[PDB]
Amino acid sequence: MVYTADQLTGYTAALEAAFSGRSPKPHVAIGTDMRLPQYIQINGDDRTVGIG
Amino acid sequence: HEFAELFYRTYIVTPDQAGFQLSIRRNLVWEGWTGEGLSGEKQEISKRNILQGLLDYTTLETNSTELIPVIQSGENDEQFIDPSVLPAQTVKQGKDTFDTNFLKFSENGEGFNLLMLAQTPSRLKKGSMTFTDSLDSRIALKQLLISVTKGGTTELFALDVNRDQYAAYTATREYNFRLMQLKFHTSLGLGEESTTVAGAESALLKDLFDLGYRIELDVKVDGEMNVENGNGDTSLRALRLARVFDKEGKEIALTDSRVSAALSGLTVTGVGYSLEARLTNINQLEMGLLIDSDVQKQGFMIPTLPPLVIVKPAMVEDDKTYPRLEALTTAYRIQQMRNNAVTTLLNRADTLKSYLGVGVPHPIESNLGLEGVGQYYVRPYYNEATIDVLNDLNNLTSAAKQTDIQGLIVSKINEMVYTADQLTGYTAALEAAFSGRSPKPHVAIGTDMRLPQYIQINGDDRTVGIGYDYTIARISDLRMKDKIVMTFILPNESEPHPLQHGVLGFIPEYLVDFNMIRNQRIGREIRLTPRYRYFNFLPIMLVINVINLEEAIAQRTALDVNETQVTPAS
C-alpha cells in the first residue's frame, strides 16, 4: 500500500523539489488501537514494516 | 538523468555539422560469378556474412572434387543397374545437377574406368578431361546394396559400408605398382530397427525382429582398380546368411523350429556398389569460393526543435512573472531528458514488434526498414513475455510471499536473457568486434518506480545471471506501468558502434535576448533554440509484462497439485 500510494501521487518528487538538500525519504505514521501492534511488530520475519 | 544516459550515450557535436556518417566494413564469401549476366541473368547471387558459417553448416563445407558416376541417359546404360529396381537419385554437387545410380557388379566381362564414367556438366562444358588426372591414395566402397527376397517381394537395404574395419583399397605387389587392391571378406548384420530404402521396417524379416533376433550375413567381395587410368572392376564372390543372434547374444540354432519356420524360402543377393573417390589434380582447376569486400555508409541528420520561449513585461524586472532562467532550463530538461527518450524507446519497441514478429531469428543482412547499422553485424530478434503472478507462483507459507515472487520473476528474466543471448549469438559478435575485452554482455534493466523492490534480491544469487553485469534505472513516467525494458548496452565505450544500442545527437546552442517591437507594442523577450535527436541502432529488445500483482499478494495462491489418476481414468 505504501509503495502504490508513493507511485501514484508522486510524493517523493514534490518533497525533493519543495525542500532542497534533504533526504527524499517519506516518513510514515500508522495509527491504530491497543491490540494490533502485537501483530505489526516483527522479530524473525523475512519482512519488516519499514522497507522503503 | 541516469535513464537517458543508460540507453542513449550522448554524443556532443560541434555546431557546423549537418550530422555524422559511419562506414561499416563487411567480409563476405560467396559462390562466385556464374551467370550469362555476371552471376545471374538479371539477378544477383545472394552474398552471405561470414558469421553465418559460425552459426550454420550449410553455408560452407563445399565439395567440388567428389568423383561420383553421372548418368548420360542412353549412352552408357550397360554399366548401371536397371532403373526398374531403384530409380535414379538426383544429386546436388556444387552447381551441377545430375542423376546417379549404383554401379552394377561385373562377374566375367569387361570392367569400367571411373574418369569417363564420371563427367559432370562442369566437365562437359570446358575443353575436355585434362591430360594429368589422377585418383587419390584412398578409395573405398561408400554404399553396398543387397536385396532380400521372399515370396516374390523384394526389399532393398542401402547399407553404409564406409568406416568399417576392412573397406579401404590397399596396394599389392602382384601387378604393376599402381594397382590398388580391395579385400572385403567379412560378415555384416541386420537389426530389429534397421531403416530400409522404403518405409522403416521390412515386412519379410518382421518375424525375426518381433522375438528380438538379428541376422548375420557374410560378404565376400574383391576388386582391383588402377589409380592412373581408372580401369578397375569389383566382384561379388558369395553372399549368404551366416549366423543368427537374439537380444541376449548367444547363438540360436538355424534348424530350430521358430527360426527355420520364418527363414524358409528366404534368399539374399547383391545388387550394386558405389565408389568413394576424389580427384587430386595438381594443376588444380577449381573455382572454390570467392570472397570480397564492400561497405554500406549511411548519413544522419539533426533537426532544430521548436523553441521554448519566455515573454515578460518591459522596462522592469520581476521574480514571479519573470522567474530566473531556472524555469527556462527546467522546461528544457523536461522536454529533453525524459519525454522524447521514452517516446523513442516505446516507438522502437513497437516498430520492432511490427517488423520482426515474435521469437523468430532472422539471418544477418535482413530488413532495411530498421534504424541503425546493427543488423549488418548481428541477427534481428525481438520478443515479449507475460508473467501471471496470480497464477504462476508457488509458495508454502504466507511468511515468505516476497521471496517466492522475486524468485519467480528473476528466474524468468534470467532465462529470458540466456535464450536471447543464445538465439542471436551476441557474444560471438562482440568477440569479432573487440579482441581486447572478454565478452560480458551488460544488460540494462528499465522499469518504473514501483517494481525494483521485487527485483532487488538476495534470496537468489542470480539477479540477471552468473557472468552478467546489470544496472537498474527508474523513471516515474506513467507510460512505464508494469514494464521491464532490457537491452544489451556497452557501458565502457562512448562512441557510435553498430552494436551500440543508441546515440543521442546533441547540439549545444545559446540564448537570444532583445527588444521585440511587434504588433504595435514593446516587450523584452527570451527564446531557446534546441537541437537534438535520438537514434536507434541495435535490433534487439525484450519486454516483460508484470500483471495481476495486487490480488496475488492479497490472496492465497498455492499448491497446484496434480493428482495422478489412480482413481480409474485411464
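Residues numbered from 1 in each chain as written, not as in the entry; some residues may be left out. Chains lettered and ligands numbered in written order. Part of a larger assembly, values for the part shown. Heavy atoms only, no water.

- Method of determination, as given in the entry header: cryo-EM; reported resolution: 4.1 Å.

- Chain B goes by Major head protein in the PDB entry, where it is assigned to Klebsiella phage vB_KpM_FBKp24.
- Looking at the header, the entry is titled "Jumbo Phage phi-kp24 empty capsid hexamers".

- In the nomenclature of the PDB entry, chain A corresponds to Major head protein from the organism Klebsiella phage vB_KpM_FBKp24.

**A look at helix α10 (residues 426-433) of chain B**
Logical step 1: Within α10(B), the full set of buried residues consists of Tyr426(B), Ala429(B) and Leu430(B). Axial view of α10(B): buried residues confined to an arc of 100°, hence all on one face. (Buried < 20%, exposed > 50% of the residue type's maximum accessible area, 1.4 Å probe, protein only. Helix = DSSP H or I, 4+ residues; strand = E, 2+ residues; numbered from the N terminus. Arc of directions from axis to C-beta.)

**Overview of the nonpolar core**
Residue and element names in this part refer to chain B.
Logical step 1: In terms of nonpolar packing, the biggest core is built from 47 residues, with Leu67, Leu135, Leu144, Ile146, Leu188, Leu190 and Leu205 touching the most fellow members.
Logical step 2: Those residues in contact with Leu188, other than ones at most four positions away along the chain, are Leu144, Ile146, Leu159, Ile215, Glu216, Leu217 and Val219.
Logical step 3: If you look at the next biggest cluster of nonpolar residues, it comprises 29 residues, including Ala385, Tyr468, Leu499 and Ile540. (Core = buried A, V, L, I, M, F, W, Y, C linked by side-chain atoms within 4.5 Å. Contact = heavy atoms within 4.5 Å.)

**Focus: the interface of chain B and chain A**
Size of an interface, as often reported, equals the accessible area lost when the parts are brought together.
Logical step 1: The interface of chain B with chain A comprises nine residues on the first partner and eight residues on the second.
Logical step 2: Carbon and sulfur atoms make up 53% of the area that chain B and chain A hide from each other, which totals about 800 Å².
Logical step 3: Between chain B and chain A we count zero salt bridges in total.
Logical step 4: By residue class, the composition of the side of chain B that touches chain A is three nonpolar, two polar and four charged. (Buried area = accessible area lost by both parts, 1.4 Å probe. Salt bridge = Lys/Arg side-chain N within 4 Å of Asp/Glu carboxyl O. Nonpolar A, V, L, I, M, F, W, Y, C, P; charged D, E, K, R; others polar.)

**Observations concerning the pattern of salt bridges**
All names here are of chain B.
Logical step 1: Following the criterion strictly, the structure yields 20 salt bridges over all chains and no others.
Logical step 2: Linking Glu248 and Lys250 is a salt bridge whose minimum nitrogen-to-oxygen distance equals 3.2 Å.
Logical step 3: Between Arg518 and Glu525 there is a salt bridge, with the nearest N and O atoms lying 2.5 Å from each other.
Logical step 4: If you follow the salt bridges from partner to partner, you end up with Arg26, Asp294 and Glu365 in one network.

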